[PDB]
file target09.pdb (PDB, C-alpha atoms)
ATOM      1  CA  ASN A 450     -96.286  95.617 190.178
ATOM      2  CA  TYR A 451     -93.870  93.822 187.807
ATOM      3  CA  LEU A 452     -92.684  95.449 184.578
ATOM      4  CA  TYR A 453     -90.527  94.602 181.566
ATOM      5  CA  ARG A 454     -88.964  96.421 178.621
ATOM      6  CA  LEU A 455     -90.040  95.891 175.007
ATOM      7  CA  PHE A 456     -88.447  98.679 172.962
ATOM      8  CA  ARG A 457     -84.801  99.754 172.974
ATOM      9  CA  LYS A 458     -82.557 101.342 170.344
ATOM     10  CA  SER A 459     -80.014  98.503 170.563
ATOM     11  CA  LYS A 460     -79.268  95.279 172.436
ATOM     12  CA  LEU A 461     -77.701  94.907 175.894
ATOM     13  CA  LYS A 462     -74.237  94.102 177.150
ATOM     14  CA  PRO A 463     -73.807  91.016 179.336
ATOM     15  CA  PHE A 464     -74.854  91.967 182.900
ATOM     16  CA  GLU A 465     -76.218  95.440 182.129
ATOM     17  CA  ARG A 466     -79.076  97.140 183.987
ATOM     18  CA  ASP A 467     -81.341  99.805 182.466
ATOM     19  CA  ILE A 468     -83.315 102.234 184.630
ATOM     20  CA  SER A 469     -84.115 105.231 182.401
ATOM     21  CA  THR A 470     -87.674 105.380 181.037
ATOM     22  CA  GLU A 471     -87.537 107.452 177.850
ATOM     23  CA  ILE A 472     -90.264 107.370 175.213
ATOM     24  CA  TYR A 473     -89.326 105.150 172.280
ATOM     25  CA  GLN A 474     -89.146 106.683 168.802
ATOM     26  CA  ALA A 475     -90.178 104.090 166.210
ATOM     27  CA  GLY A 476     -90.007 106.428 163.206
ATOM     28  CA  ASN A 477     -88.820 109.765 161.836
ATOM     29  CA  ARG A 478     -91.393 111.760 163.828
ATOM     30  CA  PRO A 479     -89.834 113.002 167.100
ATOM     31  CA  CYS A 480     -91.604 112.244 170.369
ATOM     32  CA  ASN A 481     -90.334 115.068 172.657
ATOM     33  CA  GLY A 482     -91.800 113.380 175.730
ATOM     34  CA  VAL A 483     -95.267 112.894 174.199
ATOM     35  CA  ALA A 484     -96.420 109.339 173.448
ATOM     36  CA  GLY A 485     -98.097 109.822 170.088
ATOM     37  CA  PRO A 486     -98.981 107.328 167.355
ATOM     38  CA  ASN A 487     -95.344 106.365 166.670
ATOM     39  CA  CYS A 488     -94.191 106.835 170.291
ATOM     40  CA  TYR A 489     -94.847 104.028 172.779
ATOM     41  CA  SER A 490     -94.236 103.731 176.506
ATOM     42  CA  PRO A 491     -91.257 101.380 176.996
ATOM     43  CA  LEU A 492     -92.478  99.700 180.213
ATOM     44  CA  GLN A 493     -95.455  97.338 179.987
ATOM     45  CA  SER A 494     -96.722  95.559 183.087
ATOM     46  CA  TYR A 495     -97.042  91.819 183.575
ATOM     47  CA  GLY A 496    -100.593  90.560 183.929
ATOM     48  CA  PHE A 497    -100.752  87.804 186.549
ATOM     49  CA  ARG A 498    -103.960  85.953 187.361
TER      50      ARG A 498
ATOM     51  CA  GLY B 103     -61.045 112.157 189.205
ATOM     52  CA  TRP B 104     -63.152 110.964 186.305
ATOM     53  CA  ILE B 105     -66.925 110.880 185.848
ATOM     54  CA  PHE B 106     -67.491 108.055 183.252
ATOM     55  CA  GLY B 107     -70.961 107.609 181.771
ATOM     56  CA  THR B 108     -73.291 108.599 178.950
ATOM     57  CA  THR B 109     -76.124 111.090 178.304
ATOM     58  CA  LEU B 110     -75.579 112.895 181.558
ATOM     59  CA  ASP B 111     -78.982 112.601 183.249
ATOM     60  CA  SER B 112     -79.134 108.819 183.756
ATOM     61  CA  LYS B 113     -76.705 106.492 185.614
ATOM     62  CA  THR B 114     -72.971 107.515 185.345
ATOM     63  CA  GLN B 115     -69.907 106.572 187.431
ATOM     64  CA  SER B 116     -67.967 109.032 189.643
ATOM     65  CA  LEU B 117     -64.389 108.521 190.924
ATOM     66  CA  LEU B 118     -63.641 111.280 193.449
ATOM     67  CA  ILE B 119     -60.375 110.318 195.134
ATOM     68  CA  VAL B 120     -57.782 112.096 197.390
ATOM     69  CA  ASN B 121     -60.054 113.183 200.235
ATOM     70  CA  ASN B 122     -56.776 113.625 202.243
ATOM     71  CA  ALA B 123     -58.211 110.914 204.504
ATOM     72  CA  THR B 124     -57.374 108.683 201.494
ATOM     73  CA  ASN B 125     -60.828 107.649 200.238
ATOM     74  CA  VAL B 126     -61.807 106.274 196.816
ATOM     75  CA  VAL B 127     -65.572 106.927 196.602
ATOM     76  CA  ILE B 128     -66.665 105.225 193.340
ATOM     77  CA  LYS B 129     -70.366 105.842 194.028
ATOM     78  CA  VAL B 130     -72.598 104.967 191.072
ATOM     79  CA  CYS B 131     -75.940 106.795 191.446
ATOM     80  CA  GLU B 132     -77.988 108.978 189.092
ATOM     81  CA  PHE B 133     -76.425 112.452 189.033
ATOM     82  CA  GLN B 134     -76.772 115.874 187.438
ATOM     83  CA  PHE B 135     -73.362 117.457 186.912
ATOM     84  CA  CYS B 136     -72.121 121.057 186.371
TER      85      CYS B 136
END

call {"tool": "encode", "arguments": {"input": "target09.pdb", "output": "structure tokens"}}
result
Amino acid sequence: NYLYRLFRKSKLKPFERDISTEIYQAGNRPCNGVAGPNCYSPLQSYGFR
Amino acid sequence: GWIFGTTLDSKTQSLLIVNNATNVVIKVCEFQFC
């Protein structure tokens, strides 16, 4: 139930929140909402045991 | 008023003022304008 962000186009300002979940584009191939080989989901869940 | 923000689907500020009951709603939600 707890998530964190790995990929972002730039850094953050001091005290800035980010809500929008857009698919990251790591290369020249566009994603267009489809997580392909160069497109990754930006929110990965914590694993707590 | 002014509607400060970026990439107008996510976040974005909204300063509607002069309600004639003198109110300064500066609500910051997610909006879709126009």

call {"tool": "resolve_selection", "arguments": {"input": "target09.pdb", "expression": "the ChimeraX specification (/B :<9) & /A", "output": "list in words"}}
result
residues 467, 468 and 469 of chain A

call {"tool": "residues_around", "arguments": {"input": "target09.pdb", "residues": "stretch 490-492 of chain A", "least_positions_apart": "6", "cutoff": "8 Å", "atoms": "only C-alpha atoms", "output": "mmCIF file with C-alpha atoms, keeping the file's coordinate frame"}}
result
data_model
loop_
_atom_site.group_PDB
_atom_site.id
_atom_site.type_symbol
_atom_site.label_atom_id
_atom_site.label_comp_id
_atom_site.auth_asym_id
_atom_site.auth_seq_id
_atom_site.Cartn_x
_atom_site.Cartn_y
_atom_site.Cartn_z
ATOM 1 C CA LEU A 452 -92.684 95.449 184.578
ATOM 2 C CA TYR A 453 -90.527 94.602 181.566
ATOM 3 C CA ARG A 454 -88.964 96.421 178.621
ATOM 4 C CA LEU A 455 -90.040 95.891 175.007
ATOM 5 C CA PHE A 456 -88.447 98.679 172.962
ATOM 6 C CA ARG A 457 -84.801 99.754 172.974
ATOM 7 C CA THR A 470 -87.674 105.380 181.037
ATOM 8 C CA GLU A 471 -87.537 107.452 177.850
ATOM 9 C CA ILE A 472 -90.264 107.370 175.213
ATOM 10 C CA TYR A 473 -89.326 105.150 172.280
ATOM 11 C CA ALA A 484 -96.420 109.339 173.448
#

call {"tool": "resolve_selection", "arguments": {"input": "target09.pdb", "expression": "the PyMOL selection byres ((chain A and resi 476) around 12)", "output": "JSON, numbers by chain"}}
result
{"A": [458, 473, 474, 475, 477, 478, 479, 480, 485, 486, 487, 488, 489]}

call {"tool": "residues_around", "arguments": {"input": "target09.pdb", "residues": "residue B:117", "least_positions_apart": "6", "cutoff": "12 Å", "atoms": "only C-alpha atoms", "output": "list in words"}}
result
residues 103, 104, 105, 106, 107, 125, 126, 127, 128, 129, 130 and 131 of chain B

call {"tool": "atom_distance", "arguments": {"input": "target09.pdb", "atom1": "atom CA of residue B:121", "atom2": "atom CA of residue B:134"}}
result
21.2 Å

call {"tool": "atom_distance", "arguments": {"input": "target09.pdb", "atom1": "atom CA of residue B:109", "atom2": "atom CA of residue A:459"}}
result
15.3 Å

call {"tool": "atom_distance", "arguments": {"input": "target09.pdb", "atom1": "atom CA of residue B:114", "atom2": "atom CA of residue A:483"}}
result
25.5 Å

call {"tool": "decode", "arguments": {"input": "target09.pdb", "residues": "chain A", "atoms": "C-alpha atoms", "output": "compact mmCIF listing (two decimals), in the first residue's frame"}}
result
# COMPACT_ATOMS: atom_id res chain seq x y z
CA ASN A 450 0.00 0.00 0.00
CA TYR A 451 3.05 2.31 0.04
CA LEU A 452 4.61 3.61 -3.18
CA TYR A 453 7.56 5.73 -4.29
CA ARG A 454 8.79 7.41 -7.46
CA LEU A 455 11.91 6.32 -9.35
CA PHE A 456 11.83 8.09 -12.72
CA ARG A 457 11.28 11.79 -13.37
CA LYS A 458 12.42 14.14 -16.14
CA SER A 459 14.10 16.50 -13.66
CA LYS A 460 14.67 17.05 -9.94
CA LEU A 461 12.25 18.57 -7.41
CA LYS A 462 11.89 21.98 -5.83
CA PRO A 463 12.11 22.21 -2.04
CA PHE A 464 8.70 21.20 -0.61
CA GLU A 465 7.09 20.06 -3.87
CA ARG A 466 4.48 17.30 -4.18
CA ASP A 467 3.94 15.21 -7.32
CA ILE A 468 0.67 13.37 -7.97
CA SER A 469 0.52 12.77 -11.74
CA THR A 470 1.37 9.23 -12.88
CA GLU A 471 2.58 9.51 -16.48
CA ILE A 472 4.60 6.79 -18.20
CA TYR A 473 8.31 7.61 -18.24
CA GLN A 474 10.08 7.89 -21.60
CA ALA A 475 13.68 6.72 -21.24
CA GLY A 476 14.58 7.04 -24.93
CA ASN A 477 13.62 8.44 -28.33
CA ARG A 478 10.73 5.98 -28.77
CA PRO A 479 7.45 7.60 -27.63
CA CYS A 480 5.31 5.77 -25.09
CA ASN A 481 1.80 7.20 -25.80
CA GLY A 482 0.40 5.62 -22.64
CA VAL A 483 1.78 2.14 -23.39
CA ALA A 484 4.54 0.77 -21.14
CA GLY A 485 6.81 -0.86 -23.70
CA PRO A 486 10.47 -1.88 -23.50
CA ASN A 487 11.73 1.70 -22.99
CA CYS A 488 8.65 2.86 -21.04
CA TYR A 489 8.42 2.02 -17.33
CA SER A 490 5.71 2.60 -14.75
CA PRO A 491 6.90 5.43 -12.46
CA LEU A 492 5.38 4.09 -9.21
CA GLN A 493 6.93 0.98 -7.65
CA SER A 494 5.57 -0.41 -4.40
CA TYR A 495 7.50 -0.95 -1.19
CA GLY A 496 7.89 -4.58 -0.16
CA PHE A 497 7.55 -4.91 3.61
CA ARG A 498 7.95 -8.23 5.40
